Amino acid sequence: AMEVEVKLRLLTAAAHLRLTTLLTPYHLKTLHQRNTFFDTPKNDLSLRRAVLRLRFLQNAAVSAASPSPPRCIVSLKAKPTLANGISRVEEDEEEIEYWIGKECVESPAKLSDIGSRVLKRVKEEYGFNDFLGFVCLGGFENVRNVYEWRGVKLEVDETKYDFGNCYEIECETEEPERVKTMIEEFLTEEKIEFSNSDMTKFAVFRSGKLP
């Protein structure tokens, strides 16, 4: 299925702080995310324009009386396009057990144990028989604040790389041009510095420096 999102970079930590402060009345939830990535040493998926990710996540306001495991989501993102602050990608995703996700980080060959349609599709589309030639590329931490604002769900990200923090606003929408205009009008009125995001979080990670 096609995932479509507005993607804007917040230019400073100060801009990000101003935004999260102003959006506090609209807060829905806060997610702590760890993103991990998988490819061959020869970058076979990356060269075929595919990204294979395991995301581990927890809701920051999870019940203290009723603990639950972190969630683990496997995703395949294919044929991405990112321009003019709009991201479009073919995406397949599935939830998997936390313990198996953790084991796949250390041993990518164990991705075959899951029996996921997502991973089945990786094998079928790109001509892999298994995940024996795969490594975990490592990954990074993201704090995602989610807001219900003017008919849309806003995601405000603080991505914490080894080389520094990056700040973004995202919005998953079937009407990206209309929604981008609405977000930008708000940011402009509030003087919150921004530009189009020209790189995915994974691309920034791989580059090893701030965009």
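Rigid core: the largest C-alpha set superposing within 1.5 Å between the two forms. Throughout, we count residues from 1 along the sequence that is shown.
Superposing on the core and measuring CA offsets in 4 other deposited structures of this protein, the stretch of 107 to 115 and 73 to 81 with the greater mean deviation is 107 to 115. Of the other compared PDB entries of this protein that include residues on both sides, at least a third leave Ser66 without atoms. In this crystal structure, the stretch out of 29 to 37 and 59 to 67 whose C-alpha atoms carry the higher mean B factor is 59 to 67. Of the two segments, 40 to 48 and 158 to 166, the one listed with the higher mean B-factor is 40 to 48 (C-alpha atoms only). Residue-level inspection of the entry shows that, of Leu132, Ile86, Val122, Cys72, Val122 has the top Cα B-factor. The PDB entry assigns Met2 a C-alpha temperature factor belonging to the highest third of its chain's modelled residues. In this PDB entry, the Cα temperature factor of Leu8 sits in the bottom third of its chain's modelled residues, the lowest group.
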